[PDB]
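Engineer: Can you keep this structure in mind? I'll have questions shortly.
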Amino acid sequence: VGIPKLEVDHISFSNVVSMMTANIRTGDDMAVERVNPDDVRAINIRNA
Amino acid sequence: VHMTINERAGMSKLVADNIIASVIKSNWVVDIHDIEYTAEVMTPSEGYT
Amino acid sequence: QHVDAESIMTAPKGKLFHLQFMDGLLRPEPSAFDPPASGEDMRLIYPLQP
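Chains as they are written, first to last, in PDB author numbering: chain C, 1286 to 1333; chain B, 1137 to 1185; chain C', 1186 to 1235. A prime marks a further copy of an entry chain.
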């Protein structure tokens, strides 16, 4: 029992859902390094 | 362990170090195979250079 | 203030020095994205009074 707030046709003033933080800044970001494969000509392509 | 390494390819310098730090504190015996060296015998005097 | 392990063996019998102990019960842990660590801290002294 309890009709949804929509499809009932009257304006009202209800509740929402929130959070506390700035949320988008932590003082960081994903910090990844990439080690290069050594030289060319010896790299394997044939994995199908 | 008796960890043996065939090639140092994707050795992230952090984890490439952590192995050596584990040799000194866990008696880890590690190996390398692609290294070439021409070491030579030295006398008692004149030590190391 | 930090003392040494060589001075702890030569300190005079009746001279009482102070050596501070770290609490650190409430300390915010690091974020999910940050550089790792490699074989760290070794502690050398412990009170047994307590």
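Using N, Cα and C, we set each Cβ at its ideal position, and we do this for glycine too.
(1) Given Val-1301(C), which residues of its chain have a CB within under 7 Å of its CB, disregarding the five upstream and five downstream residues?
(2) Please tell me whether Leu-1201(C') and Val-1188(C') are closer than 7 Å, where the distance is taken between their beta carbons.
(3) Where does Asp-1167(B) fall in DSSP's three states?
(4) What first and last residue would you give for the alpha helix (DSSP H) that runs through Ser-1148(B)?
(5) Count the CB pairs spanning the region 1173-1184 of chain B and the region 1146-1162 of chain B that are closer than 8 Å, and state whether there are at least three.
(6) If the criterion is Cβ atoms closer than 7 Å, does the pair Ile-1160(B) and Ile-1141(B) meet it?
(7) Which residues in the same chain as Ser-1216(C') place their Cβ atom closer than 6 Å to its Cβ, once the five residues preceding and following it in sequence are excluded?
(8) Would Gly-1183(B) count as contacting chain C if we go by Cβ distances under 7 Å?
(9) At a CB-CB cut-off below 7 Å, which residues of chain B make contact with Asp-1314(C)?
(10) Leaving out five residues before and five after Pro-1232(C') in sequence, what residues of the same chain have Cβ atoms less than 8 Å from its Cβ?
(11) Check whether chain C' comes within 7 Å of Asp-1170(B), counting only Cβ atoms and requiring the distance to be less than that.
Structural biologist: According to the structure shown:
(1) The answer is none, since no qualifying residue turns up.
(2) The answer is no: Cβ separation not under 7 Å.
(3) If DSSP states are grouped into helix, strand and coil, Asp-1167(B) belongs with the strands.
(4) Boundaries for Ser-1148(B): no alpha helix (DSSP H) harbours it, and the DSSP string shows neither H nor E there.
(5) The region 1173-1184 of chain B is not in contact with the region 1146-1162 of chain B.
(6) With a cutoff of 7 Å on beta-carbon distance, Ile-1160(B) and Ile-1141(B) are scored as not near each other.
(7) Once the five neighbours on either side are set aside, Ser-1216(C') has no close Cβ partner at all.
(8) Judged by the 7 Å Cβ criterion, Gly-1183(B) is not in contact with chain C.
(9) Result: empty, since nearest Cβ-Cβ is about 19 Å, beyond 7 Å.
(10) Correct list, in chain order: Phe-1206.
(11) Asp-1170(B) does not count as touching chain C'.
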